[PDB]
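Below are the chains, spelled out letter by letter.
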Amino acid sequence: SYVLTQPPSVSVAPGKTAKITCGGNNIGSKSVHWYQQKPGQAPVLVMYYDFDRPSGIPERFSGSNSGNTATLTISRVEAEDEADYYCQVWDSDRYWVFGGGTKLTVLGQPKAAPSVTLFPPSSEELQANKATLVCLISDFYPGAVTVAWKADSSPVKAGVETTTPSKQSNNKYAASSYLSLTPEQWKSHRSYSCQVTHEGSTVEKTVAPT
Amino acid sequence: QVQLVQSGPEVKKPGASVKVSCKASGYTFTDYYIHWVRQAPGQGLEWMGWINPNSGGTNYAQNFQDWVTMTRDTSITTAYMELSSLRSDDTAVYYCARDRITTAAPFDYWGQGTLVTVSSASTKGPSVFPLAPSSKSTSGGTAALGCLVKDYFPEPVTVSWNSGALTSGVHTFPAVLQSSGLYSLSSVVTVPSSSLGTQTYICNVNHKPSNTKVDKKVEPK
Amino acid sequence: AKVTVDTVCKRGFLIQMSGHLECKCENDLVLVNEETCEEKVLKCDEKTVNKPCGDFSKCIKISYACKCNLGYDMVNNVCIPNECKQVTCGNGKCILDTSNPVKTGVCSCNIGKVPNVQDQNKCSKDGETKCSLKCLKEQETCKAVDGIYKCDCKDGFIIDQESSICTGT
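Criteria and thresholds
- Residues numbered from 1 in each chain as written, not as in the entry; some residues may be left out.
- Chains lettered and ligands numbered in written order.
- Heavy atoms only, no water.
- Residues with missing side-chain atoms left out of burial classes, pairs and counts.
- Pairing = 2+ DSSP bridges.
- Helix = DSSP H or I, 4+ residues; strand = E, 2+ residues; numbered from the N terminus.
- Disulfide = S-S within 2.5 Å.
- Contact = heavy atoms within 4.5 Å.
- Buried area = accessible area lost by both parts, 1.4 Å probe.
- Polar contact = N/O pair within 3.5 Å; in protein donor to acceptor, adjacent residues only side chain to side chain.
- Salt bridge = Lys/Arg side-chain N within 4 Å of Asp/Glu carboxyl O.
- Domains from an automatic or database assignment.
- Nonpolar A, V, L, I, M, F, W, Y, C, P; charged D, E, K, R; others polar.

As named in the PDB entry, chain C is Pfs25, taken from Plasmodium falciparum.

The PDB entry lists chain A under the name 1276 antibody, light chain, with Homo sapiens given as the organism.

Considerations on the pairing of strand β17 (residues 165-168) of chain C
Residues and elements named next belong to chain C. Relative to β17, strand β16 (residues 157-160) runs antiparallel, the two sharing 4 bridges. Pairing of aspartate 160 across the sheet is with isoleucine 165, part of β17. Turn length for the β16-β17 hairpin, with the two strands adjacent in sequence and antiparallel, is 4 residues, and the turn residue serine 164 shows positive phi of about 60°.

A few points about the state of the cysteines
Residue and element names in this part refer to chain C. Scanning the entire structure with this criterion turns up 15 disulfides over all chains. Across a sulfur-sulfur distance of 2.0 Å, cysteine 131 and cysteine 142 are joined as a disulfide pair. Taking the sign of the S-S torsion, 95° for the link of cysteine 131 and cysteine 142, the bridge is right-handed. On the criterion of sequence distance, the pair formed by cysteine 131 in the loop between β13 (122-126) and β14 (140-145) and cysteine 142 in strand β14 is long-range, its members being 11 residues apart. The connectivity of the disulfide bonds within chain A can be written as 1-2, 3-4, using the sequence rank of each bonded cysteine.

Some thoughts on the interface of chain C and chain A
Of the residues lining the interface, 12 residues belong to chain C; the matching set on chain A comes to 14 residues. A buried area of about 1100 Å², summed over both sides, lies between chain C and chain A, and 44% of it is on carbon and sulfur atoms. For chain C, the biggest contributors to the area lost against chain A are C:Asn82, C:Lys85 and C:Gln86; these three give 51% of the whole. Linking chain C with chain A are 8 residue pairs in polar contact, by the criterion used here.

A few points about the pattern of salt bridges
All names here are of chain A. Enumeration according to the criterion identifies 12 salt bridges over all chains in this entry. With a shortest N-O distance of 3.1 Å, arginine 60 and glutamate 78 are connected by a salt bridge. Of the two residues, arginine 60 is situated in the loop between β4 (44-47) and β5 (61-66) and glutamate 78 in the loop between β6 (69-74) and β7 (84-91); the sequence distance between them amounts to 18 residues. A salt bridge links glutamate 82 to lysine 167; the nearest nitrogen and oxygen atoms lie 3.6 Å apart. Of the two residues, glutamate 82 sits in the loop between β6 and β7 while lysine 167 sits in strand β15 (residues 166-167), which places them 85 residues apart along the sequence. Overlapping salt bridges bring together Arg60, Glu78 and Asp81 as one network.

A word on the domain arrangement of chain A
Residue and element names in this part refer to chain A. Assigned domains within chain A: domain 1 (1-108) and domain 2 (109-210). One C-alpha centre belongs to domain 1, the other to domain 2, and the line joining them spans 39 Å. If you look at the interface, domain 1 gives 4 residues, while domain 2 gives 4 residues. For the pairing of domain 1 and domain 2, the buried interface totals around 230 Å² over both sides, and the portion due to carbon and sulfur atoms is 26%. Viewed at the interface, domain 2 and domain 1 are joined by 1 salt bridge. For the interface between domain 1 and domain 2, the tally reads 0 residue pairs in polar contact. Looking at the side of domain 1 that touches domain 2 residue by residue, the class counts come to 1 nonpolar, 2 polar and 1 charged.

As structure tokens, then:
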């Protein structure tokens with residue numbers, strides 16, 4: 001099969017020029033089409049036959065294709081250009097090929113430390129013979145945390161389910177982590193802890209049976 | 001105006017089948033291929049194949065033909081994609097798209113996509129538990145309280161507070177998907193500590209797929 | 001600059017295929033634009049800069065070289081529209097289709113051939129094509145010559161170079 005190779009991620013500063021590459025064996029001989037996809041939306045054609053710009057696409061978008069690399073160039077990058085970008089060629093053996101995709105991140109957004117709220121299991125849940133600890137994590141940037149749980153001072157071995165980070169309306173990120181225990185495990189330890197690590201710095205909250 | 005309007009989202013058990021439609025309008029139907037593209041959550045675009053509205057011919061991407069059937073109805077200008085013997089791994093958004101019948105034409109128009117969710121889990125209403133405010137969830141005169149919306153299937157649930165009368169300070173979090181196939185989520189609201197004795201706080205949880213509404217009073221412990 | 005039945009091909013003449021019209025040059029001339037023909041340049045030099053060295057190709061200074069004009073790619077020693085870089089047609093050529101905001105490369109076929117919709121609209125299907133050229137010169141009519149329609153001499157008439165008009169009985 002014909003292989004298109006794209007860099008998984010590209011980062012640029014606002015106002016600078018961004019270059020997304022699409023590698024292929026003699027891709028200069030193929031008409032490369034480019035699609036932009038923002039979260040929750042269908043892909044959108046932004047460049048076709050190597051360098052034809054669709055109507056409505058800003059002139060900052062330019063395409064090129066020579067030798068073994070087709071390139072989508074975005075000069076003076078705006079924050080709205082942050083999206084996934086897919087190249088596409090046709091192979092004469094009768095099949096279409098999409099590249100792996102490139103995540104374009106527009107830098108400039110200030111780092112933000114997570115806010116962490118930890119709730120113990122409710123009385124209603126304990127009395128139903130179940131226990132859940134709820135660690136809520138909000139307002140961080142960039143959108144990547146590591147969550148670790150502790151029984152007293154020792155790391156737990158099971159029962160942890162953590163979401164992926166999701167972008168908030170204020171463009172920061174949120175996540176949450178749940179620790180499932182039996183009500184006996186909850187009452188037998190002195191406390192439990194949720195440790196959220198973000199950019200090398202940790203925020204830990206602790207709750208205890210009351 | 002060229003439009004590709006797909007059918008709505010689907011929730012299916014393993015072993016079942018689903019048939020997704022793609023309604024075309026605003027252009028000569030028989031002059032354009034209809035392609036189908038698969039995107040698993042967090043993943044990239046994956047060309048599945050095309051159907052020729054003229055001859056009805058098909059061109060399936062490598063091995064997708066084992067469980068995907070592409071059909072078309074020129075009478076109503078709709079293409080169909082039928083997935084057979086579904087597996088959980090088939091969960092993805094499925095797009096249709098058009099390009100001029102020729103060599104290497106670009107996919108200039110796309111449908112909105114259909115999310116096909118395949119899970120062995122069965123429909124189940126949530127257990128709503130209060131997350132009581134305490135001195136451990138209180139910081140600088142503002143207390144955090146919430147609701148734990150546990151063990152439901154499938155998405156979505158809506159949470160409001162005090163029937164919508166409370167929105168300031170509310171943060172409803174996206175759901176976690178547990179290894180059991182059931183979702184849980186939490187909604188938290190920060191309020192003045194001084195109100196905990198006088199203002200009643202109730203989260204309104206709505207899980208339409210089970211026709212379940214729960215209004216959970218959240219009291220100080 | 002679209003080519004229709006009223007186009008004046010300077011130093012050239014109109015031809016018609018299954019789905020379009022275009023200008024074909026006379027003698028050893030090459031296309032400078034879609035409807036003008038000028039003498040080509042064999043060896044691009046410093047004196048030949050910006051002069052036509054082929055169909056839709058001028059000599060440029062790097063330094064001397066014969067590069068295609070903007071919007072054209074050199075595929076098999078011929079400057080063709082970039083949208084046609086990967087479109088092979090068989091019994092025809094690829095033309096630029098602008099019927100939609102997003103342009104495409106589509107096949108236009110020799111007289112007698114039509115885009116086969118079951119073969120990526122390649123020229124692999126037999127089909128009719130009625131001539132629409134306005135052959136108004138004296139003793140001229142539309143004929144199918146070498147796969148294309150063109151105004152040529154009616155049967156029994158030949159072009160004599162003493163007047164350059166179809167002559168005979």
